[PDB]
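Sharing a structure below in structure tokens format, with a few things to ask.
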There are 6 protein chains.
Amino acid sequence: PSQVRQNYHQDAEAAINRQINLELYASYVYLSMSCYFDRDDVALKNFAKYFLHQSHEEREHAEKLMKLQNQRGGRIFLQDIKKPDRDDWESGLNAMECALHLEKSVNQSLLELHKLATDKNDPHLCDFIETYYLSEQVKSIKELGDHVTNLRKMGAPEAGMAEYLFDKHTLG
Amino acid sequence: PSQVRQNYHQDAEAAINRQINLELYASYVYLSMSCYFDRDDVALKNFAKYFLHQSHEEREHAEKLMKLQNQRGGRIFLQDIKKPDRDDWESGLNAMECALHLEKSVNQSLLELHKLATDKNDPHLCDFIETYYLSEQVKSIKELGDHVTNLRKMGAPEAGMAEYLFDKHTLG
Amino acid sequence: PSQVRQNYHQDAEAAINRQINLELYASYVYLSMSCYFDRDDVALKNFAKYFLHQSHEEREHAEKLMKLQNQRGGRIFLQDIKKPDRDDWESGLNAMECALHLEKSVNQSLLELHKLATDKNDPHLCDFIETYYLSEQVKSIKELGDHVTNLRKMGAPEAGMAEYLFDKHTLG
Amino acid sequence: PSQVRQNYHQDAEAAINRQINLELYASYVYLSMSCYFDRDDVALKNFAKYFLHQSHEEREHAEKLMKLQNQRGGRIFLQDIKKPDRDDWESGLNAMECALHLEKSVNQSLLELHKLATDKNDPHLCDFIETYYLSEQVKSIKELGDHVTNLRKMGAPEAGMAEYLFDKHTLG
Amino acid sequence: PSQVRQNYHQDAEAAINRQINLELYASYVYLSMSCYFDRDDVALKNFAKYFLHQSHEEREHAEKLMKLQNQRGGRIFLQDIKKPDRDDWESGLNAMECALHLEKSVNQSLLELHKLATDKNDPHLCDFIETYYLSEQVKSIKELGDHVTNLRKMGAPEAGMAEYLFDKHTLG
Amino acid sequence: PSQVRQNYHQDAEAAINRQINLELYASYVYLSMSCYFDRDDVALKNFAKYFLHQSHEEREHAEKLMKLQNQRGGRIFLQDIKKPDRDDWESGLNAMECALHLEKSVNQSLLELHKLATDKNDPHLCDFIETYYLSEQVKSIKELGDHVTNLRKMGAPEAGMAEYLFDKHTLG
Ligand SMILES: [Fe+3]
Ligand SMILES: [Fe+3]
Ligand SMILES: [Fe+3]
Ligand SMILES: [Zn+2]
Ligand SMILES: [Zn+2]
Ligand SMILES: [Zn+2]
Ligand SMILES: [Zn+2]
Ligand SMILES: [Zn+2]
């Protein structure tokens with residue numbers, strides 16, 4: 001046992017490692033979307049910038065979970081970061097819907113992690129999750145939902161000017 | 001074929017995708033080392049900071065390779081980022097030796113990529129590799145070799161003060 | 001032979017003169033597009049400004065090639081700058097497609113020039129081409145491809161608001 | 001007929017297109033002279049800089065004529081820019097004499113254009129010519145005459161120090 | 001073998017050591033010229049300053065090659081720096097011609113070194129040579145050719161005012 | 001005889017030329033030590049920086065001596081700069097001991113030169129030596145002796161942390 005470990009269940013450690021992997025995977029998916037929108041035949045610079053920012057924020061979230069794991073004396077065990085489920089995201093609207101789904105799944109994983117921390121009576125872990133990940137996830141999901149709503153109302157993807165003007169105005 | 005693609009062989013595209021994956025893997029390995037040195041029972045803050053910086057630089061290298069792939073009209077195809085070969089790096093000296101080996105392998109991959117670009121007469125790709133990756137790799141390998149040499153001479157790992165003072169002076 | 005001439009093949013000199021002419025011709029074509037978009041019945045100020053900037057950059061490229069020719073002791077031999085293949089570019093999208101084709105042809109000529117310099121073992125000439133023209137051409141071709149993609153998706157030229165809003169947002 | 005066109009004769013439009021071509025040709029001749037003086041075996045940096053400045057000013061004059069053509073609703077029709085009558089300008093004094101002759105011919109063409117505008121009672125065109133081109137040409141011709149006079153008195157070209165010290169003092 | 005050595009042929013190491021010696025020798029020759037022009041019976045302060053600057057730049061080039069040798073894990077092997085071919089450079093024009101010849105020979109050695117690096121497929125070495133030495137050599141040879149042209153046409157050395165005024169104007 | 005020469009014996013001129021050569025040789029030896037400590041398997045950055053500074057100071061000393069030679073109307077006669085007695089300096093302590101020996105030998109040569117200037121009653125030369133070289137040599141020898149003493153007491157070379165911490169603290 002780590003000299004610093006206290007009130008840190010093994011299941012919480014495993015859940016934190018899994019969450020680390022999931023945040024790294026979300027960072028990778030956002031990197032994939034940024035790459036897709038930097039394509040010459042997509043060429044939506046602000047979509048690419050937005051998703052690159054999301055990828056960097058996901059990487060920061062994973063690093064914060066790593067710091068938490070070390071703080072509590074748990075041991076980080078890294079897994080393979082699976083490739084994103086696709087390379088062609090096919091539109092700004094589809095990319096935003098997939099990002100919304102990804103943020104909802106990351107939020108569900110964080111909610112399950114908070115439930116586990118609550119069951120194991122790990123108040124520091126619960127507080128960490130709710131302070132640094134749950135509110136961030138709710139804000140991110142709301143922002144992604146707003147983006148999806150606006151893109152759909154604009155007529156995306158069929159309305160060709162829709163994604164371009166959303167890129168300039170909302171994301172630019 | 002991409003509207004922008006010109007003098008960009010398919011083998012060069014595949015090699016660039018593989019290099020993207022390798023740079024992402026190196027970033028992941030450096031993140032693993034940073035996590036290891038942030039452990040309470042390792043507690044080498046400057047080793048962790050140095051390897052986190054290496055991880056971020058590797059991620060930037062992968063991002064620049066993907067920007068190159070999009071610039072040339074190639075399509076980025078992301079693969080699984082394999083987990084690092086180990087989670088316990090066991091010492092500052094061992095971590096530096098593994099980082100040296102990783103940078104040498106990344107440099108070897110970049111050299112093979114430059115050879116491929118030369119064979120396909122892709123001067124832009126060759127020049128890009130040279131200006132942004134080969135000199136960086138040579139500098140990184142030299143810095144890692146210096147770190148390893150200094151740690152060895154200081155008596156790392158068995159000289160307990162060696163890694164601590166190297167952390168303070170060289171990496172701090 | 002020039003007192004400064006060294007490792008500068010006659011074919012390299014001729015290729016550099018031809019490239020000078022081609023860059024001057026591209027500058028002239030971009031001037032033609034700028035003139036077209038300054039027309040009262042086209043009236044796309046940012047398209048005109050963008051293509052005038054391209055014309056000035058092309059003139060700078062030709063002047064840099066002339067400076068290179070004098071640096072290496074070759075003699076600049078100027079030819080007629082042929083008129084652009086048309087005076088009516090008929091749309092922002094068509095002008096962007098023609099600019100993309102022109103930059104691709106300039107890049108192809110630069111690639112052939114780099115191949116010639118490589119065959120004649122003129123490393124300074126190869127390095128000059130790849131440092132100052134190849135990366136610039138790749139960036140320009142990518143930017144033009146992005147412009148063309150965005151204009152096409154916006155519905156240009158048929159979508160009358162497409163070129164106007166692209167002029168304001170992307171080019172303004 | 002252009003929506004903006006009024007009191008703009010077809011002959012004025014053709015004369016403006018011809019003047020555009022002539023100004024582009026003068027810019028090209030000045031570029032040739034700048035290139036000649038950048039030669040290693042001529043090596044008069046201030047002569048080259050002076051003639052490059054003349055080339056850029058000629059290009060600006062051509063661009064202003066194009067702006068005038070579009071302002072009046074005339075259509076710019078670009079022609080081949082003929083190569084300068086020679087590549088070897090053989091001296092600072094000879095280059096200055098050729099520049100003087102070129103500016104006198106450009107001024108003669110501008111005077112014929114002003115006569116045409118006067119005959120067709122195009123007061124805006126006459127005023128444009130006289131405010132932006134005639135005074136500029138008179139000043140340029142006077143400056144070139146001064147340069148030629150000083151170079152001749154200094155003993156150019158046979159006086160070896162003459163062109164060097166003129167380059168340093170007058171043009172530097 | 002050095003821990004950092006990778007894709008660094010022994011012939012490249014030997015060629016780099018020879019180039020180091022040649023750059024040190026060129027620095028020594030430039031120091032000799034600076035000394036000659038600081039003589040009371042020569043007394044060309046700007047010629048001496050120019051050649052001292054050349055000597056310092058040559059020493060910097062040798063030091064950069066030394067840094068490259070250490071970066072690649074090659075071992076620097078210093079040789080005797082041969083005395084310059086003469087102590088009396090006899091004139092500003094003769095010194096400039098000898099400097100031109102020396103820079104051309106250094107450039108030839110660098111070109112052979114780049115050819116060797118190309119044959120050994122050492123892209124980092126080729127890139128290093130071309131980015132830091134080949135363009136510098138071309139610029140230096142062009143500047144020296146310009147100096148020689150101006151001095152010759154000013155009447156140097158027989159025209160006694162020629163070297164003095166070149167010292168004041170071009171070199172001052 | 002030089003027009004400026006006065007009270008400047010031929011033996012003093014020869015001794016000054018020999019001192020030129022000796023200072024250039026010391027600069028070369030210090031460059032060799034700097035190169036040795038920049039090696040990846042030595043990797044003592046501050047030792048390398050210190051010895052590079054010593055090399056540059058030795059070059060400045062030689063340059064000052066040749067300025068003195070020209071000031072007095074003597075003629076500088078440069079000789080071969082012999083390669084340093086070794087390429088492998090094997091240690092920070094050994095390099096410091098060799099630097100101490102080299103500074104002591106340079107000081108002995110300067111003392112013999114001052115004795116010669118005294119015998120020839122050349123008060124300006126004696127004053128120059130004592131003002132610019134003797135005090136500098138005494139300070140340098142004392143600093144090198146301090147460095148050697150501290151390295152020996154620290155346990156260099158066998159104490160592996162000794163040279164590293166001396167590099168950080170004294171030389172950093
Ligand atoms: Fe300490
Ligand atoms: Fe809008
Ligand atoms: Fe003067
Ligand atoms: Zn990398
Ligand atoms: Zn170009
Ligand atoms: Zn004009
Ligand atoms: Zn050099
Ligand atoms: Zn000294």
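Heads up, residue numbers simply count up from 1 along the chain you see.
Determined via electron microscopy, 2.1 Å.
Cβ atoms are placed via backbone N, Cα and C, with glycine included.
What Swiss-Prot records for this protein is below:
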- D:6-155: domain 'Ferritin-like diiron' (DOMAIN)
- D:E23, D:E58, D:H61: Fe cation 1 binding site (BINDING)
- D:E58, D:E103, D:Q137: Fe cation 2 binding site (BINDING)
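Mind running through what each feature is packed against?
The Cβ of D:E58 (Fe cation 1 binding site) has D:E23, D:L24, D:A26, D:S27, D:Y30 as same-chain neighbours under 8 Å, each 6 or more residues away in sequence.
D:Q137 (Fe cation 2 binding site) has a Cβ environment of 20 other Cβ atoms inside 10 Å.
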Helix, strand or coil: which one is D:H61 (Fe cation 1 binding site) in, per DSSP?
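It is helical.
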I'd like the Cβ neighbour count for D:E103 (Fe cation 2 binding site), meaning other Cβ atoms within 10 Å of its Cβ, all protein chains included.
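The Cβ of D:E103 (Fe cation 2 binding site) has 24 Cβ neighbours within 10 Å.
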Please report the DSSP secondary structure of D:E23 (Fe cation 1 binding site), reduced to three states.
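Assignment for D:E23 (Fe cation 1 binding site) reads helix.
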How many other Cβ atoms sit within 10 Å of the Cβ of D:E23 (Fe cation 1 binding site)?
25
By DSSP, how many residues in the domain 'Ferritin-like diiron' (D:6-155) are helix, how many strand, and how many coil?
115 helix, 1 strand, 34 coil
Could you state the CA-to-CA distance between D:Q137 (Fe cation 2 binding site) and D:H61 (Fe cation 1 binding site) to the nearest Å?
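That comes out at 11 Å between the alpha carbons.
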If you skip the near sequence neighbours and keep only those at least six away, which residues in the chain come within under 8 angstroms of D:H61 (Fe cation 1 binding site), Cβ to Cβ?
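Listed in sequence order: D:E23, D:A26, D:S27, D:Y132, D:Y133, D:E136.
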